[PDB]
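# What the coordinates show
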Amino acid sequence: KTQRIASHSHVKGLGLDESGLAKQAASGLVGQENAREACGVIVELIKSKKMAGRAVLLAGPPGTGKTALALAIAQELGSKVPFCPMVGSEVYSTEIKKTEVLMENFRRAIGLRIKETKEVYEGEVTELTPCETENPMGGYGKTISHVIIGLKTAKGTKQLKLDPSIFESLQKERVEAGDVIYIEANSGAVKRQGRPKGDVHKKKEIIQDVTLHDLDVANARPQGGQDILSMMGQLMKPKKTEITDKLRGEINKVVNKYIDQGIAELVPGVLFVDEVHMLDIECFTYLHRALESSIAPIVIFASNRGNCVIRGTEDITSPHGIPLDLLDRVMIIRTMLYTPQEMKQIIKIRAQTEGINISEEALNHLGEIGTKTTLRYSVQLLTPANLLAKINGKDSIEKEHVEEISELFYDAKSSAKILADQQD
Amino acid sequence: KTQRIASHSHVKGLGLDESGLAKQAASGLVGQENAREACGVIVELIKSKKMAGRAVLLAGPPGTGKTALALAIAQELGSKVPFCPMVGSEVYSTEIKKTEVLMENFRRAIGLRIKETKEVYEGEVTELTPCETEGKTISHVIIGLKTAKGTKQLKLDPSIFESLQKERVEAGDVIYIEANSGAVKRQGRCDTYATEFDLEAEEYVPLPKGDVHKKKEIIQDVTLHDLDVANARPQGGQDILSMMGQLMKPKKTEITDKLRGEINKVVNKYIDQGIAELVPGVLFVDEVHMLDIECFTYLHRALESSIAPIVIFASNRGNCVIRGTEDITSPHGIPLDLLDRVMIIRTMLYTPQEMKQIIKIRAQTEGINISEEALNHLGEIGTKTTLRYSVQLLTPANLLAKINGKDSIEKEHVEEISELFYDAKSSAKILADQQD
Amino acid sequence: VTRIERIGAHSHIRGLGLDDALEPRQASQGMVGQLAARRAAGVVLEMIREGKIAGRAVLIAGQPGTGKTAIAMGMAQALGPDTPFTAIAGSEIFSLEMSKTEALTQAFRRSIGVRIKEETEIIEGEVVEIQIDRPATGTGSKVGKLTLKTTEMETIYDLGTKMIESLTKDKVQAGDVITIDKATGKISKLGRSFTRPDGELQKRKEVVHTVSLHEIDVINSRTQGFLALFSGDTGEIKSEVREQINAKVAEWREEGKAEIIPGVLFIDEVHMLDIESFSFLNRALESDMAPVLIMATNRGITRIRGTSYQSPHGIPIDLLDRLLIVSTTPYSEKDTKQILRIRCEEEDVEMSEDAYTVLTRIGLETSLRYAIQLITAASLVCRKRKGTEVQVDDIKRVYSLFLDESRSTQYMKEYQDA
Amino acid sequence: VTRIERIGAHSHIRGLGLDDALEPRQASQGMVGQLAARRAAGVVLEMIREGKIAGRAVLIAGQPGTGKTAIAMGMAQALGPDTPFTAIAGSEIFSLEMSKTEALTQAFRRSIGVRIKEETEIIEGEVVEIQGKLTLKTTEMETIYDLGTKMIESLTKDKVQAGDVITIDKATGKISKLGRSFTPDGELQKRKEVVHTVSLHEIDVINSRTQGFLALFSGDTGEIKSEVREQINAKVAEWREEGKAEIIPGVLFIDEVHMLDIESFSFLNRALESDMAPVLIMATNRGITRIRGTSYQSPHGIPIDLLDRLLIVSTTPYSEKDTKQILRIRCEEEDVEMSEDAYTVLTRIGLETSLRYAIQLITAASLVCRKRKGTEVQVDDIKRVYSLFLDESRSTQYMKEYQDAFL
Ligand SMILES: Nc1ncnc2c1ncn2[C@@H]1O[C@H](COP(=O)(O)OP(=O)(O)O)[C@@H](O)[C@H]1O
Ligand SMILES: Nc1ncnc2c1ncn2[C@@H]1O[C@H](COP(=O)(O)OP(=O)(O)O)[C@@H](O)[C@H]1O
Ligand SMILES: Nc1ncnc2c1ncn2[C@@H]1O[C@H](COP(=O)(O)OP(=O)(O)O)[C@@H](O)[C@H]1O
Ligand SMILES: Nc1ncnc2c1ncn2[C@@H]1O[C@H](COP(=O)(O)OP(=O)(O)O)[C@@H](O)[C@H]1O
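Along every chain, residues receive numbers from 1 upward following the written sequence, which is not necessarily the numbering found in the entry; those without coordinates are excluded from display. For this description, chains carry letters from A and ligands carry numbers from 1, given in the order in which they are written. Note that these chains sit within a larger assembly, yet all values were taken from the shown part only. Side-chain figures throughout are based on the complete set of non-hydrogen atoms in the structure, without hydrogens or water.

Judging from the entry metadata, cryo-EM is the method by which this structure was determined, and 4.06 Å is the reported resolution.

This is how it looks when you write it as structure tokens:
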């Protein structure tokens, strides 16, 4: 019903022309012609899939719309290409080492599409006896490792054989005569307590989109068909670091075994690292070889400051919080500053998605107060003015409403002027 | 199959004369006569076993080769005295605290010597029906063993019989048995069919050769650390499906009150009965100056103990800031507290006349002979920068000499390869220009 | 259809070109220029492939953009199959779970390897089986018979009583490929695709399996799979590896039953590291069993982490004296255009010679890596133009949109933040 | 035959010689000098033997080489066997998996002992199967024991054979042991009155589910604070009211306290103000040192708040005359005789160099004496060892080169 209005929710595409030209106003995105024309080659780089391991850094003043532009890239590539946002502060973890998070980000970024053909056997369950215990050696009495279970379906009844481990796993769960129980080749237990159309034997092709990292965690810890592995399923390991040969060599080898068959198809991902100037220098050290990797997906970075001291060095300062060796690898992108005209236009464009009718005079005043301090302030003054208009009974926002709302809340720069009075 | 000249194999130990004097060049070791006698006293201190907790120190510039001298100390005492190195970077551990690590090392040095006669009973197992029986159980076991050298009969206890029945055992199978009661069992080890098919799988091996009863004398030395860690933990395995996957082996810190007292008492009883003989260990610490001050203040109090063995230290650098203090500096990177009570051994750089001699010893140790000209020029390159540069340059000179087809090394090969591999001094000269 | 394998930065080169006289070619196996570092890489490569010595360290030094890592990549690809090669990063050894020393010596453990020569009996061929063993009045052996056919000849012999359980668990049909092993394992193939016949009637398969040093893990741990797939707990207990592992490997060596194969360790960005690891590298190399390692340092003189003193080449003198440094020179202007051409051939890009001249001037004014990033974005613009060859105007517009660090340095005059 | 206990620095002295008048002897148990330190150590040691008060702290001050640790080890042996004693270094309390308060708290608890008197009878001996009546045999005598139907079902599952030594306790304990005869003692019927001295680990057995694991290693992290006071102090308090058990005080020694965290100093306030707590013997080897973690200058590297809770006993450096006497005492350690002229050179070196160096000169010279095939050391021997091994003050002069300073 309600989209919560994240303010980033309204987008379609970059609005670029079929010939590559950037339209002035398209898809609610106005301005940053060099940025959109610069990303038009990036979306073709990700769509081409031929090249990998190339990073693109976005630079500019705060509030230039680089995050919304990256979201426009993720929405332009479609829902099939995974997009995983991250910040420089997210890599810090007590359980995980600092390098392993950045190491697995490339795994969660890259998408995978697997077609799994499964056979399902459903119906009314009719059992005869269980599997009897056996003495050591001696040949015992045979009658072991064969489970006779009949299934009654509307199409007919068919008797089926099952392994002793399957019935041993179903013995823990409640089993009664006349209940619908789903049986699959995956040794999964699906039952219904208290209670089947189609043939007894079933086959279906289930197309699933799974990231590589999900296969890494699911591969490290099995689903727990065994007793002890099911106890490990009940008690969750907080985190564990995967070895390089398992994370890369083995899983990449079996994935290559699924590629030559043609059933599974691999798709490249997009790794978005925001506020990279706060990232530690160690993640840059590993990020060198991470960017030199052949299977590493394209990475996007964002720099909110011109120059900063490198984390952990405490002495050497570098532009954009990135070392020169790493800054040479990334492709710098410069974003233009917004003009007051495109600010006055983007305020009205924002008012369209918000669903609030604003008069042109109030748009001009919001453009003035937005040019005086910041655009984001005028963005935050939209809702209180309309709410005050609903309280006073007005149908639309007026200059007096935004005057009162702007009078109540103090500006950040004005508060900075009031600050540092050396009192209390 | 091949030793592959691992590290430096030219050190056979001190090999000093019985008169006590040290030769100029003996057993591949050239020079360091004062260090030769200084390390010749401590080996007699360890062989005497009169003192416990002594401290040794090696003071010398980097490149003097005092670590190889410590290897000569280890080779002179022999394989009887336990010797293990401890680097200064291994003290820091996430699961085990540094104090427990150093304590575990002090327990690693000292060891026990147990002389045991190994009685091996192995061969085809033919199980006769037990005679004793009656409130029934087993209580008696009769197992025959047949080999090409003869046949014997051995009686076993019901507990060992259950240890055999734990695995799969059938009639006419070869089994190994030790006096430790451990028995390696293999189902169907003998070569037979009798079933008309070869698909029985298992292991098809012909009847072994040799006598059934094997009497040997084996002297096993076990460090006290493995005894404390082995006895502190239940040390069980493969008897439970859940516990083997449940135990993560956190290696938590042991308690000194119960464990050290218990192990000390039981070892005292074992050595009082004459079964075991306690032998001291040797601890050789590297980069002692890089430890934290807490490891120092725990280190001196730890070595002041009567149960602490002799420890050897080495100082690879001069006066430096103490780790963790960030302010107070002390000579040799060690505080004045621990620098006292530790013996000091002088190690001085070699004169340039021994460069060609050491290079010659490494050359004849590698197995390749070099010409006098290549030894003079290579020696000049060695004394011009450092000995390690020439010693490490000895191998590629023989490599290029073998590629070109020459049986020996020539001055053109060593002087030609010297320009390809830059020494650290020249590499430091090309740098510092603040370029690129 | 496609292998879905994306080409990286160092994936353009395959192998390392060398000659018997140690004369580097102008362009060999993708490597262009750096004749000194090529010959040095051939010397250390021949020395590594010799396997006669172990424990030697070789360091390579070069400025950023000189292609120092690609040489080690060519050494890794040209090292040959079945040769253990360990590649780690300077920051990868830092972990909260395990200590940096245990992780470093764990890499040294993964570098070395052991080759064991064993021989087993493996049956290969189809399976023709008629099972009468299912029905029985009483308890019996229910042996039955078995008929197998192979292109060489056919064999007919009875089924096993111990393996009939594995035969009932696994899928066994007419014309299905199933291989029975002496280890009593389950290994089978697809018989429906081949039959819509291979092997011998009786044949033994002797395979030499290279055993990594990870055997220490399965020896110490209760289960081999858990700690092999993920890190799990920390390393093995002290004094256990030397006693049990050195004793066992001492029983394997010199007896002719197994041999020791040293590996290659590769550390990246060693300029920034703690002094504890630098101190552990020396004694780790002085150990009896140590791999031959190569480390790459791009930066110049830099302060080492953990201390306030600035060591030359970002490494203390103790470790610098322990290894030999091989310095690499930057690429010449004549070799730059050759690198651009071989990258055009590797990436299937067609560019005009004028674009190689202007882009070569860009390689003279700015680092070559930035040009390698310009051609990739320029090829897509050439795809937008629909032409089959890149033009100077397209790559010029790409140079206009994407600005280099040296070009974007003059745009910091805005003073957005400080 | 080499016992674990060996000769060492502090291992040559056994017990602390005292008198009824508390006058330290000239040479007592291998201790010469420090009459004030030995007398005050005897006063505080008598305070430990009385046990009339708890939560006391004694700090000894002096120059390095005055035998601070030797006095503590001397008082440790004079405390008597079968008494809890805990001496831990300042760095032992640091743990990554454990809090800094847990290690110090357990250091205060483990030193306090508890004496419990329990009377239990133990019947142990061999086993003879007779068909259910088992005949128990011993070397001294042999008796017949009749068994009902209760223990038969228990012995059918357990492994019991004729000749095995079995120990059954009227506590209803059952212990099976090896025969230890072909590979016991006393009597079969005996009433044993045993006084079991128990440490404060009762907190650990009550907190933990099983004491077997945590008895062999430090194990679990910090226990709940309420259990150590309410439950433990409640049970022990009721045991004091009933009179079953009697708590015995103990000594807690900490060395090199100059370097410690301020959190430990702030915890020692309540540790000393706690109801039950052992006496504290502290040894500080540095007069003024900055406390780690903060920038401050205070005597003995301790805060001024805790400075008034310690009783400081000053020490004096040993005279040149007493050095020859204590060295003569150290000559009896290795059973090596020295010439009369050797004590002049050894003491002369001990005047300008640390005493421990002179302690190592005799032991290091005795080996060269063995290489000389002589029965007594010579002046040339120690003069040669002085050239082989030099003191720090001598090695500092040769460090003036500073070829590689690593700076
Ligand atoms: N060109 C644009 N078109 C539409 N909306 C924009 C544009 N630039 C910025 N915005 C809006 O401004 C808001 C804040 O942008 P912000 O994320 O602060 O930019 P940056 O990431 O560059 O700091 C976003 O919610 C976005 O909707
Ligand atoms: N007395 C000696 N004669 C000849 N070579 C020696 C001698 N002592 C040491 N070496 C050489 O020094 C090398 C070991 O040096 P090392 O102890 O590692 O130096 P550092 O102590 O500076 O690290 C060995 O390879 C050995 O060949
Ligand atoms: N011999 C070569 N031929 C072609 N390209 C090379 C060669 N050597 C290096 N490169 C290029 O250099 C890039 C990697 O440079 P790198 O080794 O990181 O430089 P540096 O070691 O100075 O940081 C690769 O993308 C590769 O295309
Ligand atoms: N009064 C004494 N009598 C006998 N031996 C002593 C005496 N004082 C000190 N020592 C010996 O001196 C050695 C070094 O003492 P040390 O621990 O350095 O004292 P401190 O801790 O006060 O510096 C000890 O092993 C001890 O045996």
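It is a general feature of regular strands that their side chains alternate between the two faces of the sheet. Residues and elements named next belong to chain D. By the convention used here, strands pair only if DSSP detects at least 2 bridges between them. Under the DSSP-based scheme used, a helix requires at least four consecutive residues in state H or I and a strand at least two consecutive residues in state E, with every element numbered from the N terminus. When strand β3 (residues 113–125) meets strand β7 (residues 166–169), the two strands line up antiparallel, connected through four bridges. Counterpart to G125 in the pairing with β7 is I166. Taken together, the four bridges between β7 and strand β8 (residues 173–176) define a ladder with antiparallel strand orientation. Within β8, the position partnered with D169 by the bridge is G173.

Attention now moves to the interface of chain A and chain C. Contacts are assigned to residue pairs that have any heavy atoms within 4.5 Å of one another. Counting residues at the interface gives 70 residues for chain A, matched by 64 residues for chain C. Carbon and sulfur atoms make up 54% of the area that chain A and chain C hide from each other, which totals about 6,100 Å². Considering only the surface of chain A that becomes buried against chain C, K142(A), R289(A) and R334(A) emerge as the three largest contributors, covering 10% of it. Basic side-chain nitrogens of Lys or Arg form a salt bridge, by our definition, when they fall within 4 Å of a carboxyl oxygen of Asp or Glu. In this structure, the connection of chain A to chain C is made through five salt bridges. Notably, a salt bridge pairs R305(C) with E282(A), separated by 3.2 Å at the nearest N-O pair. Here's the idea: put two parts together, see how much 1.4 Å probe accessible area each one loses, and the total over both is what we call buried area.

Let us now look at the packing of helix α10 (residues 355–366) of chain B against helix α11 (residues 372–384) of chain B. All names here are of chain B. Look at α10 against α11: their axes get within 9 Å of each other, and the N-to-C directions meet at 115°. Between α10 and α11 lies a crossing of right-handed hand. Of the residues in α11, those in contact with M355, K356, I359 and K360 of α10 are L375, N376, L378, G379 and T383. Broken down by class, the residue content of the contact of α10 with α11 amounts to four nonpolar, three polar and two charged. Axes here mean lines fitted to C-alpha atoms, for a helix over just the part in contact, with angles spanning 0 to 180 degrees between N-to-C directions. Crossing handedness follows the turn of the near helix against the far one: under a right angle anticlockwise gives a left-handed crossing, and clockwise gives a right-handed one. Polar here means any residue other than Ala, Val, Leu, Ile, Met, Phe, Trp, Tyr, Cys and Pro, which are nonpolar, and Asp, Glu, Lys and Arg, which are charged; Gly is therefore polar.

Here we take up the interface of chain B and chain C. Each partner contributes residues to the interface: chain B has 70 residues there, and chain C has 75 residues. Between chain B and chain C, the buried area comes to about 6,600 Å², and carbon and sulfur atoms account for 56% of it. The largest share of the area that chain B buries against chain C comes from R4(B), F197(B) and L199(B), three residues that together contribute 11% of it. Across the salt bridge formed by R283(C) and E287(B), the nearest N and O atoms sit 3.1 Å from each other. Residues adjacent in sequence count toward polar contacts only when both atoms are side-chain atoms; beyond that, a polar contact is any pair of N or O atoms within 3.5 Å, and within protein one must be able to donate a hydrogen and the other to accept it. Here chain B is connected to chain C by 23 residue pairs in polar contact. Breaking the side of chain B that touches chain C down by element, the ones donating at least two residues are β4 (83–87), α3 (98–109), α5 (224–232), α12 (387–404), α13 (411–420) and α14 (424–430) of chain B. The element that contributes the greatest number of residues to the side of chain B that touches chain C is α12(B), accounting for nine residues. Here the side of chain B that touches chain C is built from residues that sort into 31 nonpolar, 18 polar and 21 charged.

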